[PDB]
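K.L.:
Let me begin by handing over the structure; questions about it come next.
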RNA sequence: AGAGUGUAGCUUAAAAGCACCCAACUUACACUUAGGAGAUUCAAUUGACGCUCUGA
Ligand SMILES: [Mg+2]
Ligand SMILES: [Mg+2]
C-alpha cells in the first residue's frame with residue numbers, strides 16, 4: 043500500500059512556578075516545621091535572644118528586637134514580584150507567560166482542503182533525512198520563532214492513523239530553555255494550551271488520545 | 061514421649077511436643093498450634109469471621130482467644146521460637162503476655178528418663 | 044608505586060629533559076590531587093559545638109487533643125500519597141504502552157525506521173535543568189522603580205569592560 | 048554409588064552471585090554509569106529528592122549503585138554589592159545509576175523533571191570524579 | 056521471605072527422598107461489608124493507638142460458624158476417628174454442651190479435649206445441645 | 038634442594054561409619070567430618086569436631102531436606118539474602134528412625 | 034507535580050533551627066530556603 | 001455496527017496471598033518495627049454496564 047509520509051513533534055514548557063499546595067499539603071508543612079522547632083538545638087538567633095536578655099534584664103536592676122524589624126522592613130518594601138498573569142489577561146491563550154504551575158503544549162491550525170484540521174504541529178519526512186530531524190526542521194520554518202529548545206528522544210511518543227491511501231503521524235517530545243517567539247500576534251493560528259484547555263480544542267480521535275504522552279499532574 | 065532432639069544446624073529446633081507459630085501477613089495475623097508431625101490442633105486467625113468483628122490490637126486479641134482454646138483442648142505447655150527481631154516486636158510481647166497470663170506456659174517441661 | 048616510578052626513572056639517568064618531567068610531576072602530584080578531587085570530608089558529620097549546648101531549648105508537652113489530631117493527619121497523608129503515587133505510576137505505565145506500540149508499528153512498517161529509532165541523540169549527556177521557583181518573574185531583581193538587587197551600571201564596573 | 052541421580056541437589060554458588078560504557082550496538086547506548094547530581098541551597102529539600110529518585114529507580118528496577126554526597130560549598134555574600147556579608151551555603155549530593163535503556167531514557171527523565179522541587183538543579187553526566 | 060518459601064517446599068511431592076516419607099453467601103458478605111464499616115467508627120481509631130475483645134460473645138459466634146470445622150481437627154489429632162470409626166470422618170454440626178456437677182455449683186464443663194477428674198465424673202453429666213430425636217453415647 | 042617440607046600428615050579416617058539402612062544403638066557415631074557434609078536430622082547430635090552421633094536406638098536414613106539456617110548465624114543469613122526468589126538451598130541430613138517404643142505399661146501388682 | 038519532594042523534616046539529630054528564608058536569584062526568581070539568623074530576605078549579588 | 005470478555009497491581013487465590021503507601025531507624029537503599037489503603041460492572045447460568053478489539 044502507498045503510505046502518506048508525515049512527521050510531527052510535541053513541545054512542552056515546564057512549570058516555572060511550583061504548584062499551589064493543597065489544603066492537606068499546607069497543614070503538613072505547618073506540623074513538620076513545628077516539630078522541626080522543638081527538636082532544634084543551639085540556635086544562633088536564640089543564643090542572642092534568650093541569654094543576652096537575662097543580662098539585659100538584670101543590668102538595670104543590678116540585639117534581639119532591634120534586628121527584627123529591619124528584617125521586616127526589607128521584607129515589607131520588597132513587593133513580591135507576582136505569580137499572577139492569569140486574571141489580568143484571561144484571553145491571550147497564545148501567551149508564553151500564561152500558566153505558571155503546569156506544563157503546556159504548542160497548538161496550531163491549518164485549514165486543509167479536505168477537512169479543516171485543527172492541528173498539533175506536524176512535519177513531512179523526505180526519503181533522505183531521518184525521522185528525528187524531521188521534528189527539528191519545523192520550529193524554524195512553520196512558525197518563524199527562535200526557540201533554542203532541546204529535543205529528548207529519537208523513538209517517538211505517539212502513533213495514530215487515518216486511511217481513506228493511508229496516512230501516518232509520529233509524535234515526538236521536546237522542551238524549552240528560553241523563548242524568543244517572534245511577533246506573537248501572528249496569524250499563523252497558534253496557541254499555548256494546557257491539558258485542561260484542549261478538552262474543547264480537540265474534536266478528533268487523531269488528536270483525542272495524545273494525552274497518553276503528557277505528564278498528567 | 062520423644063522430642064526430636066536433633067537438627068542443631070537448622071532453624072527452628074524441632075524438639076517440642078507442641079509449638080506456637082504465628083503468621084504475620086497483610087490484612088491478617090494467624091496463630092497456629094502444631095504437633096511434631098505438622099498436624100495443627102487449634103487455630104485462631106482474623107479470617108475467621110468471628111474475630112473479624114471487634120495491628121497489635123489484633124495480635125493481642127488472638128492471645129486472648131487462642132489461650133482460651135488450648136485450655137479447651139487440653140494443651141497446657143507450648144514453645145514459642147521466634148526470630149530475634151520479632152521477639153523484640155511490640156506485637157508478640159502482647160501476644161505472649163496474653164498467652165502466659167491466659168493460662169499456658171510456653172516452656173515445655175523435660176522429657177524425663179530413669 | 045606508579046607515582047614515583049616516573050621519578051627515579053628520570054633521577055637515575057639525568058639528561059636535561061628528565062629533570063622537567065620530574066619537576067612537573069611534583070606539581071602534577073598536587074594537580075592530580077586537585078583533578079581527582082580524600083582531602084574533603086562531609087558536613088553530614090556533627091560539629092560538637094552542638095554537643096553541650098543541647099540543653100538550651102528542651103521543653104515539650106503533649107496533649108490528647110493534639111495527639112488525636114496528629115494521628116489522623118498522618119493517616120490522611122498516608123492516604124494522600126497513596127493515590128497520587130498510583131496516578132504517577134499509571135502515568136509512566138500509560139506512557140510506555142504508548143511507546144511500546146508506537147515502536148512496534150514503525151518497526152513492522154519500515155526497516156530503515158527500525159534501526160533509526162532505537163538509537164538516540166547524545167544531547168542527553170549535557171543536560172542540566174533548574175527548578176520551578178516561587179516567582180518567575182516579569183522582571184526581576186527589581187528594574188529601577190525604586191528597588192534593585194541587580195548590580196547597576198553607572199560608572200560601569202561589575203567587569204572591566206562595562 | 049556416591050554421586051547419584053540426585054547429584055548437585057545443593058549448589059549454592061551458581062545461584063548466588065560471586066566475588077566504563079554500555080556498548081550494546083545498534084539499539085545503541087543503554088546509558089551506563091551516569092551521575093545525577095542533586096544540588097540545592099537548602100539541605101532538607103536536596104535530601105528529600107535523592108529520597109525520591111532512589112525509590113523511583115528500585116520501583117522501575119533500573120540499577121542504582123551509589124548515593125553519596127559531594128561536600129559543601131563555602132561562600133558568603135559574594136561581596137559584589144557598606145559591603146554585605148552573610149554565609150549562604152550549597153548542598154550537593156550524588157545519585158548514581160547503572161542500568162538505563164534508550165527507550166526508558168527520555169521517559170525516566172520526565173518523572174525526574176515533573177517531580178523536581180523548588181530551587182534544586184540536576185546535572186546528568188559520565189564518570190570522572192572522586193570526593 | 057525465604058523461610059516462607061522454604062516451608063512451602065517441605066510440603067511438595069519431592070521424587071528424591073524426604074524426612075516426610077519415613078516419619079509422616100451473597101447476603102453474608104454484604105452484611106459483613108457494612109459490619110466493618112460500622113465497626114471502624116465506634117473505635118473512636121482511638122482504641123488503636127488498646128481494645129478488649131469480649132471472648133464470650135466471640136465463642137458463641139465461633140461455636141455456630143467455625144466450631145465444627147475446628148472441632149474435627151482435635152477429633153483427628155486425638156485419634157478418635159482411627160479408633161472410633163476406622164477412619165470415616167464426620168463434622169459435628171450439633172454443638173454438644175456437656176458438663177458435670179461440682180456439687181451444687183459451679184459446673185465443670187467438658188470441651189473437646191479437656192481434662193476432668195473421675196471424682197467429678199461420679200454422677201452422670203448435665204447435658205444440653207439446643208437442637209431438635214437423638215441418642216447420646218459414651 | 039626440595040624447599041617443600043611438612044606434608045607428612047596421615048589420613049584422618051573421616052567418613053560415614055554407619056551407612057544407610059544400618060541399625061544404630063543410641064550413642065554410636067554415624068559419621069565424622071570436617072567442613073559439613075551431612076547435617077544432623079531427627080535424633081542425631083553434633084559434637085565439638087562436627088561428628089554426628091545417634092541420639093536414639095534406631096535405623097539410620099539419609100534424606101535431602103531444605104536448609105534454613107539460624108537467624109543468628111551471621112555467616113549464612115547473608116547467604117540467603119543474595120539468592121533470587123525461586124531459590125532454596127537443599128543440604129543433606131542424617132536421620133535415625135527409632136525402632137524401639139520407649140516403654141510399655143506392665144502389671145506390677147493386684148491391689 | 035513539583036510537590037512530591039516538597040515536604041520534609043530535618044532528618045538529623047542535633048541541629049540548629051532553620052527559618053523560612055526567601056532567597057532570590059540574579060534571574061529575579063525567589064526560592065523558599067531554610068537558613069539560620071531569620072533574615073526573611075537574602076539577596077545574592 | 002462485529003467481537004473477546006470482566007476478582008484492587010497480579011494471580012490453573014477462593015473475599016486469600018503477595019505487591020504497593022506513610023512513618024521510626026539508615027548518607028540513603030535494604031532489612032525490621034509500628035501503621036495505612038483497597039476489589040468480584042450490575043439484575044434473574046442467563047440477561048444487561050466497563051474496557052480492549054474488528055468497522056465506517
Ligand atoms: Mg597430605
Ligand atoms: Mg603417610
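Chains as they are written, first to last, in PDB author numbering: chain e3, 43 to 104, 116 to 217, 227 to 279; chain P3, 61 to 114, 120 to 179; chain A, 44 to 80, 82 to 206; chain f3, 48 to 66, 77 to 138, 144 to 193; chain 63, 56 to 79, 99 to 118, 120 to 124, 127 to 209, 213 to 218; chain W3, 38 to 148; chain m3, 34 to 78. Cβ coordinates follow ideal geometry from the N, Cα and C atoms, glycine included.
Which bits of chain f3 does residue 74 (chain m3) rub up against, with CB to CB less than 7 angstroms?
P.N.:
For the purposes of this step, residue 74 (chain m3) is identified with residue 41 of the seventh chain, where counting begins at 1. What residue 74 (chain m3) touches in chain f3: nothing, since even the nearest Cβ is about 10 angstroms away.
K.L.:
Sort 174 (chain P3), 124 (chain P3) and 162 (chain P3) by Cα distance to residue 86 (chain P3) and report the nearest one.
P.N.:
What you label residue 86 (chain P3) is simply residue 26 of the second chain in a count that begins at 1. That would be 124 (chain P3), whose Cα lies nearest to the Cα of residue 86 (chain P3).
K.L.:
Assign residue 112 (chain f3) to one of two classes, buried (16 or more other C-beta atoms within 10 Å of its C-beta) or exposed (fewer than that).
P.N.:
Translated into positions along the fourth chain, residue 112 (chain f3) becomes position 55. Exposed, by the Cβ-count rule.
K.L.:
Run through chain e3 and tell me which residues come within less than 8 angstroms of residue 181 (chain A), C-beta to C-beta.
P.N.:
Indexing the third chain from 1 puts residue 181 (chain A) at position 137. Going along chain e3 in sequence order, the residues near residue 181 (chain A) (Cβ under 8 angstroms) are 134 and 135.
K.L.:
Let me know if residue 77 (chain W3) comes out buried or exposed under the rule of 16 or more other beta-carbons within 10 Å of its beta-carbon.
P.N.:
The sequence position of residue 77 (chain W3) within the sixth chain is 40, counting from 1. The residue is buried, with at least 16 neighbouring Cβ atoms inside 10 Å.
K.L.:
For residue 44 (chain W3), verify whether its CB is less than 7 angstroms away from any heavy atom of ligand 1.
P.N.:
Looking up residue 44 (chain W3) in the sixth chain gives position 7. Residue 44 (chain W3): yes, Cβ under 7 angstroms from ligand 1.
K.L.:
Less than 8 angstroms between the C-beta atoms of residue 102 (chain f3) and residue 157 (chain f3), yes or no?
P.N.:
Here residue 102 (chain f3) refers to the residue found at position 45 when the fourth chain is read from its first residue. Here residue 157 (chain f3) refers to the residue found at position 95 when the fourth chain is read from its first residue. Taking 8 angstroms as the Cβ cut-off, residue 102 (chain f3) and residue 157 (chain f3) do not qualify as a contacting pair.
K.L.:
Compute the Euclidean distance between the alpha carbons of residue 193 (chain 63) and residue 185 (chain 63), then round it to the nearest angstrom.
P.N.:
Translated into the one-based positions of the fifth chain, residue 193 (chain 63) becomes position 116. Translated into the one-based positions of the fifth chain, residue 185 (chain 63) becomes position 108. Taking the straight line from one Cα to the other gives about 8 angstroms.
K.L.:
Would the beta-carbon of residue 47 (chain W3) be found less than 7 angstroms away from any heavy atom of ligand 2?
P.N.:
Start at 1 with the first residue of the sixth chain, and residue 47 (chain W3) comes out as number 10. Within the cutoff, so yes.
K.L.:
Need the endpoints of the alpha helix (DSSP H) that residue 100 (chain 63) sits in, please.
P.N.:
For the purposes of this step, residue 100 (chain 63) is identified with residue 26 of the fifth chain, where counting begins at 1. Run containing residue 100 (chain 63): 100–113, per the alpha helix (DSSP H) assignment.
K.L.:
Which residues of the region 204–216 of chain e3 have a Cβ closer than 7 angstroms to any Cβ of chain f3? Give them in chain order.
P.N.:
205, 206 and 208
K.L.:
Judging by CA-CA distance, which residue of 47 (chain e3), 65 (chain e3), 268 (chain e3) and 248 (chain e3) is the nearest neighbour of residue 168 (chain e3)?
P.N.:
The sequence position of residue 168 (chain e3) within the first chain is 115, counting from 1. Minimum Cα distance to residue 168 (chain e3) is reached at 268 (chain e3).
K.L.:
Please specify which runs of the alpha helix (DSSP H), each continuous and at least 4 residues long, are wholly inside the region 125–206 of chain e3, giving them in chain order.
P.N.:
DSSP runs (the alpha helix (DSSP H)) wholly in the region 125–206 of chain e3: 185–189 and 191–194.
K.L.:
When burial is assigned at 16 or more other CB atoms within 10 Å of the CB, is residue 70 (chain e3) buried or exposed?
P.N.:
As a position in the first chain, residue 70 (chain e3) is number 28, starting the count at 1. It is buried - the Cβ of residue 70 (chain e3) has at least 16 other Cβ atoms within 10 Å.
K.L.:
Do three or more CB pairs link the region 123–135 of chain f3 to the region 135–146 of chain A at distances below 8 angstroms?
P.N.:
The region 123–135 of chain f3, when compared against the region 135–146 of chain A, does not touch it at the 8 angstroms Cβ threshold.
K.L.:
The beta strand (DSSP E) that contains residue 135 (chain A), what's its start and end?
P.N.:
The count along the third chain starts at 1 and reaches residue 135 (chain A) at position 91. That residue, residue 135 (chain A), is in no beta strand (DSSP E); its alpha helix (DSSP H) goes 108–153.
K.L.:
Pop quiz: residue 253 (chain e3) and residue 183 (chain e3) are said to be a contact at Cβ under 8 angstroms. What is the actual Cβ separation, rounded to whole angstroms?
P.N.:
Walking along the first chain from the start, residue 253 (chain e3) turns up at place 191. Walking along the first chain from the start, residue 183 (chain e3) turns up at place 130. Contact doesn't hold; Cβ gap of about 29 angstroms is too wide.
K.L.:
Using a Cβ-Cβ cutoff of 9 angstroms, what residues of the region 178–189 of chain f3 are near chain m3? List them in chain order.
P.N.:
178, 179, 180, 181 and 182
K.L.:
Can you confirm whether residue 71 (chain m3), when its beta carbon is compared against all beta carbons of chain e3, has any partner nearer than 8 angstroms?
P.N.:
Residue numbering aside, residue 71 (chain m3) sits at position 38 when the seventh chain is read from its first letter. It does; some Cβ of chain e3 falls within 8 angstroms.
K.L.:
Could you name the residues of chain 63 that residue 115 (chain A) contacts, counting a contact when the two beta carbons are closer than 8 angstroms?
P.N.:
Here the question's residue 115 (chain A) lines up with position 71 in the third chain. Per Cβ cutoff of 8 angstroms: 120 and 124.
K.L.:
Quick check on residue 86 (chain e3): does DSSP put it in helix, strand or coil?
P.N.:
Indexing the first chain from 1 puts residue 86 (chain e3) at position 44. Here residue 86 (chain e3) sits in helix by DSSP.
K.L.:
Return the bridge partner residues of residue 242 (chain e3) from the DSSP annotation.
P.N.:
Translated into positions along the first chain, residue 242 (chain e3) becomes position 180. Residue 242 (chain e3) has 199 (chain e3) as its beta-bridge partners, per DSSP.
K.L.:
For a contact defined as C-beta to C-beta under 7 angstroms, what are the partners of residue 85 (chain e3) on chain f3?
P.N.:
In the first chain, the residue the question calls residue 85 (chain e3) occupies position 43. By Cβ distance, chain f3 contributes nothing, its closest Cβ being about 16 angstroms from residue 85 (chain e3), past 7 angstroms.
K.L.:
In this structure, what does DSSP give as the bridge partners for residue 184 (chain f3)?
P.N.:
Taking the first residue of the fourth chain as 1, we reach residue 184 (chain f3) at position 122. Beta-bridge pairing links residue 184 (chain f3) to 173 (chain A).
K.L.:
Using only alpha-carbon positions, find the residue among 193 (chain f3), 124 (chain f3), 162 (chain f3) and 56 (chain f3) that is nearest to residue 168 (chain A).
P.N.:
For the purposes of this step, residue 168 (chain A) is taken as residue 124 along the third chain, with counting starting at 1. Checking every option, the nearest Cα to that of residue 168 (chain A) belongs to 162 (chain f3).
K.L.:
Report yes or no: is there a C-beta of chain A within less than 8 angstroms of the C-beta of residue 165 (chain f3)?
P.N.:
Here residue 165 (chain f3) refers to the residue found at position 103 when the fourth chain is read from its first residue. Yes, because at least one Cβ of chain A sits closer than 8 angstroms to the Cβ of residue 165 (chain f3).
K.L.:
Since residue 138 (chain A) meets chain m3, which of its residues come closer than 9 angstroms, beta carbon to beta carbon?
P.N.:
Counted from its first residue, the third chain places residue 138 (chain A) at position 94. The premise fails here: residue 138 (chain A) is roughly 15 angstroms from chain m3 at the closest Cβ pair, so nothing lies under 9 angstroms.
K.L.:
Pairing CB atoms from the region 57–72 of chain 63 with CB atoms from the region 96–107 of chain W3, are three or more of them under 8 angstroms?
P.N.:
In short, these stretches touch, since the Cβ pair count reaches three.
K.L.:
Apply the 10 Å Cβ neighbour rule to residue 206 (chain 63) and answer buried if 16 or more other Cβ atoms are within range, or exposed otherwise.
P.N.:
On the fifth chain, residue 206 (chain 63) is found 129 positions in, with the first residue counted as 1. Label assigned to residue 206 (chain 63): exposed.
K.L.:
Give the range of the beta strand (DSSP E) segment to which residue 216 (chain e3) is assigned.
P.N.:
Residue numbering aside, residue 216 (chain e3) sits at position 163 when the first chain is read from its first letter. Element bounds for residue 216 (chain e3): 211–216.
K.L.:
Excluding sequence positions up to five away, which residues of its chain have a Cβ less than 7 angstroms from the Cβ of residue 256 (chain e3)?
P.N.:
Indexing the first chain from 1 puts residue 256 (chain e3) at position 194. So the qualifying residues of the chain are 152, 155 and 157.
K.L.:
Kindly identify the DSSP beta-bridge partner or partners of residue 132 (chain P3).
P.N.:
Within the second chain, the letter at position 67 stands for residue 132 (chain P3). Answer by DSSP bridge pairing: none, since residue 132 (chain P3) is not bridged.
K.L.:
Is residue 49 (chain A) helix, strand or coil when you go by DSSP?
P.N.:
One-based indexing of the third chain puts residue 49 (chain A) at position 6. Three-state result, residue 49 (chain A): helix.
K.L.:
Shorter than 8 angstroms from the beta carbon of residue 49 (chain m3) to some beta carbon of chain e3?
P.N.:
Counting from one through the seventh chain, the residue named residue 49 (chain m3) turns up at place 16. Residue contact check for residue 49 (chain m3) against chain e3: a CB pair falls below 8 angstroms.
K.L.:
Return no unless some Cβ of chain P3 is closer than 8 angstroms to the Cβ of residue 150 (chain 63).
P.N.:
For the purposes of this step, residue 150 (chain 63) is taken as the residue at position 73 of the fifth chain. Answer yes: the Cβ-Cβ gap between residue 150 (chain 63) and chain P3 drops below 8 angstroms somewhere.
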